[PDB]
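Trainee: Below: one structure in structure tokens.
What follows is calculated from the coordinates using simple rules that are stated; it is not laboratory data. As a convention, Cβ positions derive from the backbone with ideal geometry for all residues, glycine included, and neighbour counts pool all protein chains shown.
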Amino acid sequence: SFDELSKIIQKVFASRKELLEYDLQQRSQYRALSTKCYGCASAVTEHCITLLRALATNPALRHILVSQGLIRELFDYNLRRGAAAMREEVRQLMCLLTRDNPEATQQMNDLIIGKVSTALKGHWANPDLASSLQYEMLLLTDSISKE
Amino acid sequence: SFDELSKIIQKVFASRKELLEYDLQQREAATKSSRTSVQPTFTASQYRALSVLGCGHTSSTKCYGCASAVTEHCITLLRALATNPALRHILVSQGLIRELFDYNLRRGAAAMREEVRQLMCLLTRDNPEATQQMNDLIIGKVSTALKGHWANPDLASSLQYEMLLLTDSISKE
């Protein structure tokens, strides 16, 4: 159904363009003369992740970004969603963001420990609670890996 | 693999039974030949116990399936026993509701889940204190989930059973 709709939309767009060109012929600046796209938003997120990973290299930029508090946003929203490669890249970016910032390392460790303890509180009650801790553990392992 | 192992185990059990039967027959014949050896008459219970009849009537000790069957039978029995109002009050005093919500609420087959929900509803049929306790537990779990709602899609994903139980409880006037 999506393929059929896309083909119909392309044909309609072509017809509208032809009609507009005919009407204009009858009648920088010369060159001049979707929002709810989940895929587009995901691509924007991936590009932003790549750009942040790049900008992380400048240590002063790293301190500035840490001041911006991007660590909490990354852990909260982008940590789990997205592709597996996106997940690995995000883990790498989080590691790099805590390259040598002791306060940042403390904050990240605090967040991870808090999530783990909150899960462990209801461990006897919810198997899914244990199931939904994998990403945090992988992040901790990755952080420990980088000396 | 399980099928092959089961077939092998069954054959082995059969062979062991036959060998035990032959050895016991030989031993009994030897005892009978001994004139000094007096034949021990066995009471019916003793005969059944000593018989090779009581050899293959159990599952494995750590048989998850056997434990599950035991749990299902227990659930059915408790659902039945709940009928007597005094029995209901006594069971609520035993505090079964917490265990039922904690462990047996989610696991098991769909029919088991529906039966557990029905039993939970029945247990709080008219006990105001029990109804308050169950509502408190449900609301607490829901609020705890909602606290991290903005962060965990799985948290939202893991509240269906509680909501179904609440709907069922509201259903029975």
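Trainee: When a/c reaches 1.5 or more, the comparison of a/b and b/c decides; with that in mind, is the range B:58-101 rounded, prolate or oblate per its Cα gyration tensor? Write down the numbers at each step before the final one.
Mentor: Working: a/c = 3.63, a/b = 2.26, b/c = 1.61.
Prolate.
Trainee: Give me the base-10 log of I(q)/I(0) for the protein assembly as shown at each q in 0.10 Å⁻¹, Debye formula, one uniform scatterer per Cα, rounded to two decimals.
Mentor: So the normalised log intensities are -0.93.
Trainee: For chain A, just run the numbers: alpha carbon Rg, then divide by 2.2 N^0.38 Å, N being how many residues it has.
Mentor: 1.59
Trainee: So what are the ³J(HN,Hα) numbers for the range A:62-75, from phi and the Karplus equation (6.51, -1.76, 1.60; θ = phi - 60°), rounded to whole Hz, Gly and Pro as x?
Mentor: Coupling constants for the range A:62-75: 4, 4, 4, 5, 4, 4, 5, x, 5, 4, 4, 4, 4, 5 Hz.
Trainee: Still on this structure, please answer the following. Quick check on chain A: helices-only [θ] at 222 nm, where DSSP H runs of length 4 and up contribute -39,500 (n - 2.57) each and the sum goes over total residues. Nearest 500, please. Could the numbers behind the result be given before it?
Mentor: Numbers: 9 runs with 112 residues, N = 147.
Calculated mean residue ellipticity at 222 nm is -24000 deg cm²/dmol.
Trainee: What does the structure give for B:145-151 when I average, per residue, the other chain Cβ atoms found within 10 Å of the residue Cβ?
Mentor: That average works out to 2.
Trainee: Normalised by the residues of the range A:83-147, what does the relative contact order come to in percent, with Cα pairs under 8 Å and at least six apart?
Mentor: The value is 36 percent.
Trainee: At 10 °C and a viscosity of 1.306 mPa s, what translational diffusion coefficient does Stokes-Einstein give for the range A:96-141, taking Rh as the Kirkwood radius over Cα pairs? Give it in µm²/s as a whole number.
Mentor: 138 µm²/s
Trainee: Ignore the peptide's own chain and count Cβ atoms of other chains within 10 Å of each Cβ in A:125-137; give me the average, rounded.
Mentor: 2
Trainee: Please report the orientation-averaged projected area of the range A:36-114, defined via the convex hull of its C-alpha atoms, in nm².
Mentor: Working: hull surface 21.5 nm².
Projected area, direction-averaged: 5.4 nm².
Trainee: Out of all Cα-Cα pairs in the range A:1-68, roughly what percent, to the nearest whole number, are more than 14 Å apart?
Mentor: Percentage above 14 Å: 79.
Trainee: Averaging sequence separations of C-alpha pairs under 8 Å and six or more residues apart, then dividing by the length of chain B, give the relative contact order as a whole percent. Can you show the working numbers first?
Mentor: On the way: 60 pairs, mean separation 23.9, N = 173.
Contact order relative to length: 14 percent.
Trainee: Now, a different point. Shielding by partners for A:72-84, please: the mean number of other protein chain Cβ atoms within 10 Å of each residue's Cβ. Don't skip to the answer; put the middle values down first.
Mentor: Values: counts 0, 0, 0, 1, 4, 2, 0, 1, 4, 1, 0, 0, 0.
For peptide A:72-84, the averaged partner shielding equals 1.
Trainee: Kindly rank B:20-33, B:90-103 from highest to lowest mean number of other beta carbons found within 10 Å of each residue.
Mentor: Listed from highest to lowest mean packing, they are B:90-103, B:20-33.
Trainee: Okay, next question. Report the Cα centroid-to-centroid distance between the range A:15-75 and the range B:81-139 in angstrom, as an integer.
Mentor: Between the Cα centres of the range A:15-75 and the range B:81-139 lies a distance of 54 Å.
Trainee: I would also like to ask the following. Report, largest value first, the span of the C-alpha coordinates of the range B:124-172 along each principal axis, in whole Å.
Mentor: So the extents along the principal axes, rounded to whole Å, are 38, 18, 10.
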